[PDB]
Amino acid sequence: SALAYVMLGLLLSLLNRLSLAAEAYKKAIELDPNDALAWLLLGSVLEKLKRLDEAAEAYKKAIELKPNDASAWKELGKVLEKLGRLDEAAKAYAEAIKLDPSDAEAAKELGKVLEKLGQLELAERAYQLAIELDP
Amino acid sequence: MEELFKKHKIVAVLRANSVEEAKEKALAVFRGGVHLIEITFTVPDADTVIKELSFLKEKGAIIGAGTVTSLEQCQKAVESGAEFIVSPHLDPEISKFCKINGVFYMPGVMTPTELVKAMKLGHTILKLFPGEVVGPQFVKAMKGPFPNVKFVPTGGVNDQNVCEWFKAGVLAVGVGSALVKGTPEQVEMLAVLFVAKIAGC
C-alpha cells in the first residue's frame with residue numbers, strides 16, 4: 001500500500017491533476033515515513049503547484065533520507081532559486097556537483113545563480129564547466 | 001602515502017598573512033573537497049597553524065608544511081605534526097632530515113640535473129616549481145629518460161589548463177591564489193569548482 005499510493009500519485013501527475021497527486025504522495029508518507037521516493041516526488045509536484053516553501057521542505061526531507069541524489073540537490077536548487085534564497089541555492093547546486101561533476105545542467109544553473117549573486121569570476125568558471133560537458 | 005596524491009589529485013598551496021586568516025582558508029578548502037593542504041612557512045608562526053588544524057586529521061585531511069627553506073624550519077614543521085614537507089628548492093640537508101624522522105619530503109626542482117640529484121637522494125616524487133616556466137612539455141619530456149619521476153607542479157595551474165598538466169602525466173597539482181584568493185566562502189566554492197574540473201579529464 002505504501003507503494004500503491006506512490007503509483008496513484010504518479011498517475012494523477014500524468015493527468016495534470018497535480019493537487020490530487022500531492023494528496024496521494026502524502027498518504028504514502030503516512031504509510032511509510034521513509035519512502036524517500038514519495039518525498040522527492042512530492043517536492044517536484046509542489047514546485048509546479050507553486051507551494052515553493054512547502055516544496056523545499058519535502059526536498060530537504062528527501063535529501064535527509066538518501067543523501068546523494070544529484071537529482072535531489074539540483075532540484076532543491078531550482079526551488080531555492082525561485083524562492084529567493086540565492087545563496088542557500090548555490091550551496092545546494094554545489095552539493096549536487098560534489099556528487100556528479102558531469103551534470104551539465106547543475107553547472108549551467110550554478111553559474112546563473114552566481115551571475116545574479118555577484119561573483120562573475122566564480123560564475124564564469126562555472127559557466128565554462130557546463131559548456132565543457134555537453135556538445 | 002604517494003597514493004594519497006593520486007587519489008585526491010590536488011594540493012592547496014595555502015599562503016596567508018595572519019594565523020587566524022590561515023585557519024579560515026584551510027577550513028574553506030577542506031569543505032570544498034580538497035584534502036591535501038600545504039601550509040607554506042611564509043605564514044608567520046605556521047608551526048602553530050598546523051598544530052591548530054590537528055582536528056582535521058580526524059575529518060580525513062592531510063595537513064602538511066610547504067615552502068620550507070631551512071632544515072631548522074623543518075624542525076618546527078615536523079614537531080608541529082605536519083604529514084608532508086614541501087620546499088621550492090632541493091636541499092639535501094632537509095631530505096636527510098626528513099628520511100630519518102620518517103616524514104615525506106617533496107623537493108623543488110626545475111632542471112634535469114636538479115632532478116637527478118634529487119633522484120640520487122631517493123625521491124621519485126618531486127615538486128616542479130615554477131610550473132608557469134617549465135610547462136607541461138617539460139613533464140612530457142621527462143617521461144622518457146626518467147620514467148619513474150612523478151611530478152606535482154605549483155604555480156601555473158589554473159582551470160583553463162589543469163587537464164593539460166594531467167594528460168601529460170603529473171601525479172597531482174598545487175594551486176595557490178587561484179584557489180585561496182577570496183572570502184572564506186568564496187574559497188569553498190573555488191574548491192568544488194576546481195575539484196570538479198579535475199574529475200573530468
# chains A, B, ... in the order shown; residues from 1 in each chain; ligands from 1
>>> interface_residues(of="chain A", to="chain B", cutoff="8 Å", atoms="only C-alpha atoms", output="PyMOL selection string")
chain A and resi 94+97-98+101-102+122+125-126+129
>>> write_last_selection(atoms="N, CA and C atoms", output="compact mmCIF listing (two decimals), in the first residue's frame")
# COMPACT_ATOMS: atom_id res chain seq x y z
N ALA A 94 26.03 23.32 -5.30
CA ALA A 94 27.39 22.87 -5.02
C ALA A 94 27.41 21.40 -4.61
N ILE A 97 27.06 19.15 -7.48
CA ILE A 97 28.24 18.97 -8.31
C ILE A 97 29.31 18.18 -7.56
N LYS A 98 29.34 18.29 -6.22
CA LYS A 98 30.17 17.40 -5.41
C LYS A 98 29.83 15.94 -5.64
N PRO A 101 30.09 15.57 -11.17
CA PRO A 101 30.71 16.70 -11.88
C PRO A 101 30.52 16.62 -13.39
N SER A 102 29.67 15.70 -13.85
CA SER A 102 29.26 15.64 -15.24
C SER A 102 27.86 16.20 -15.46
N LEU A 122 33.62 33.64 -10.21
CA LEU A 122 33.14 32.32 -9.80
C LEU A 122 32.09 31.79 -10.77
N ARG A 125 33.68 30.73 -14.20
CA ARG A 125 34.33 29.43 -14.06
C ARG A 125 33.31 28.30 -14.10
N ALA A 126 32.12 28.54 -13.56
CA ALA A 126 31.07 27.52 -13.58
C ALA A 126 30.46 27.40 -14.97
N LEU A 129 32.54 25.26 -17.10
CA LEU A 129 32.47 23.85 -16.74
C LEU A 129 31.30 23.17 -17.43
>>> select_by_dssp(residues="chain A", states="alpha helix (DSSP H)", output="number ranges by chain")
A: 2-14, 18-31, 36-49, 52-65, 70-83, 86-97, 104-117, 120-133
>>> residues_around(residues="residue 71 (chain A)", least_positions_apart="3", cutoff="8 Å", atoms="only C-alpha atoms", output="count of residues only")
3
>>> residues_around(residues="residue 39 (chain A)", least_positions_apart="2", cutoff="12 Å", atoms="only C-alpha atoms", output="PyMOL selection string")
chain A and resi 6+9+22+24-30+32-37+41-46+54-66+72
>>> residues_around(residues="residue 85 (chain B)", least_positions_apart="3", cutoff="9 Å", atoms="only C-alpha atoms", output="PDB file with N, CA and C atoms, in the first residue's frame")
ATOM      1  N   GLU B  38      48.697  22.322   1.906  1.00  0.00           N
ATOM      2  CA  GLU B  38      50.109  22.621   2.115  1.00  0.00           C
ATOM      3  C   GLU B  38      50.213  24.005   2.742  1.00  0.00           C
ATOM      4  N   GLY B  64      50.023  19.446   5.701  1.00  0.00           N
ATOM      5  CA  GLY B  64      51.464  19.426   5.606  1.00  0.00           C
ATOM      6  C   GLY B  64      52.032  20.834   5.562  1.00  0.00           C
ATOM      7  N   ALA B  65      53.357  20.904   5.628  1.00  0.00           N
ATOM      8  CA  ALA B  65      54.083  22.165   5.631  1.00  0.00           C
ATOM      9  C   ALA B  65      54.786  22.344   4.294  1.00  0.00           C
ATOM     10  N   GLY B  66      54.684  23.551   3.732  1.00  0.00           N
ATOM     11  CA  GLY B  66      55.228  23.846   2.429  1.00  0.00           C
ATOM     12  C   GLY B  66      56.158  25.047   2.458  1.00  0.00           C
ATOM     13  N   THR B  67      56.870  25.219   1.343  1.00  0.00           N
ATOM     14  CA  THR B  67      57.870  26.264   1.167  1.00  0.00           C
ATOM     15  C   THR B  67      58.753  26.280   2.414  1.00  0.00           C
ATOM     16  N   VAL B  68      59.621  25.281   2.556  1.00  0.00           N
ATOM     17  CA  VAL B  68      60.486  25.154   3.724  1.00  0.00           C
ATOM     18  C   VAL B  68      61.916  25.360   3.244  1.00  0.00           C
ATOM     19  N   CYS B  74      62.341  23.122   9.176  1.00  0.00           N
ATOM     20  CA  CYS B  74      61.778  21.779   9.078  1.00  0.00           C
ATOM     21  C   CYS B  74      61.612  21.118  10.440  1.00  0.00           C
ATOM     22  N   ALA B  77      58.427  22.265  11.684  1.00  0.00           N
ATOM     23  CA  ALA B  77      57.373  21.689  10.854  1.00  0.00           C
ATOM     24  C   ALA B  77      57.068  20.255  11.269  1.00  0.00           C
ATOM     25  N   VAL B  78      58.109  19.455  11.507  1.00  0.00           N
ATOM     26  CA  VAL B  78      57.909  18.077  11.957  1.00  0.00           C
ATOM     27  C   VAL B  78      57.274  18.056  13.343  1.00  0.00           C
ATOM     28  N   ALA B  82      53.074  18.113  11.034  1.00  0.00           N
ATOM     29  CA  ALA B  82      52.853  18.074   9.598  1.00  0.00           C
ATOM     30  C   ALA B  82      53.038  16.653   9.077  1.00  0.00           C
ATOM     31  N   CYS B  98      64.363  14.575   6.791  1.00  0.00           N
ATOM     32  CA  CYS B  98      63.010  14.038   6.693  1.00  0.00           C
ATOM     33  C   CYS B  98      63.005  12.517   6.594  1.00  0.00           C
ATOM     34  N   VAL B 103      59.408  11.293   7.578  1.00  0.00           N
ATOM     35  CA  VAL B 103      58.440  12.220   7.015  1.00  0.00           C
ATOM     36  C   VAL B 103      58.654  12.287   5.509  1.00  0.00           C
ATOM     37  N   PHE B 104      57.554  12.360   4.764  1.00  0.00           N
ATOM     38  CA  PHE B 104      57.635  12.508   3.319  1.00  0.00           C
ATOM     39  C   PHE B 104      58.118  13.909   2.968  1.00  0.00           C
ATOM     40  N   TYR B 105      59.094  13.987   2.068  1.00  0.00           N
ATOM     41  CA  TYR B 105      59.683  15.244   1.631  1.00  0.00           C
ATOM     42  C   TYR B 105      59.549  15.372   0.120  1.00  0.00           C
ATOM     43  N   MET B 106      59.128  16.547  -0.337  1.00  0.00           N
ATOM     44  CA  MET B 106      58.944  16.821  -1.762  1.00  0.00           C
ATOM     45  C   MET B 106      59.819  18.004  -2.152  1.00  0.00           C
ATOM     46  N   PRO B 107      60.942  17.779  -2.826  1.00  0.00           N
ATOM     47  CA  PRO B 107      61.878  18.874  -3.092  1.00  0.00           C
ATOM     48  C   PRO B 107      61.491  19.667  -4.331  1.00  0.00           C
TER      49      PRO B 107
END
>>> atom_distance(atom1="CA of residue 140 (chain B)", atom2="CA of residue 128 (chain A)")
26.4 Å
>>> residues_around(residues="residue 73 (chain A)", least_positions_apart="5", cutoff="7 Å", atoms="only C-alpha atoms", output="number ranges by chain")
A: 92-93, 95-96
>>> write_last_selection(atoms="N, CA and C atoms", output="mmCIF file, in the first residue's frame")
data_model
loop_
_atom_site.group_PDB
_atom_site.id
_atom_site.type_symbol
_atom_site.label_atom_id
_atom_site.label_comp_id
_atom_site.auth_asym_id
_atom_site.auth_seq_id
_atom_site.Cartn_x
_atom_site.Cartn_y
_atom_site.Cartn_z
ATOM 1 N N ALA A 92 23.355 24.478 -2.538
ATOM 2 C CA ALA A 92 22.705 23.234 -2.935
ATOM 3 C C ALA A 92 23.184 22.765 -4.304
ATOM 4 N N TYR A 93 23.313 23.690 -5.260
ATOM 5 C CA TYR A 93 23.922 23.347 -6.541
ATOM 6 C C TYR A 93 25.358 22.869 -6.362
ATOM 7 N N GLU A 95 26.573 21.039 -3.622
ATOM 8 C CA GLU A 95 26.449 19.644 -3.203
ATOM 9 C C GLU A 95 26.090 18.738 -4.372
ATOM 10 N N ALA A 96 25.312 19.250 -5.327
ATOM 11 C CA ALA A 96 24.935 18.455 -6.489
ATOM 12 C C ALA A 96 26.115 18.211 -7.419
#
>>> atom_distance(atom1="CA of residue 55 (chain B)", atom2="CA of residue 126 (chain B)")
27.9 Å
>>> atom_distance(atom1="CA of residue 177 (chain B)", atom2="CA of residue 162 (chain B)")
14.4 Å
>>> residues_around(residues="residue 127 (chain A)", least_positions_apart="5", cutoff="10 Å", atoms="only C-alpha atoms", output="PyMOL selection string")
chain A and resi 104+107-112+114-115+120-122+132
>>> closest_residue(among="B:146, B:36, B:48, B:114", to="residue 20 (chain B)", atoms="only C-alpha atoms")
B:48
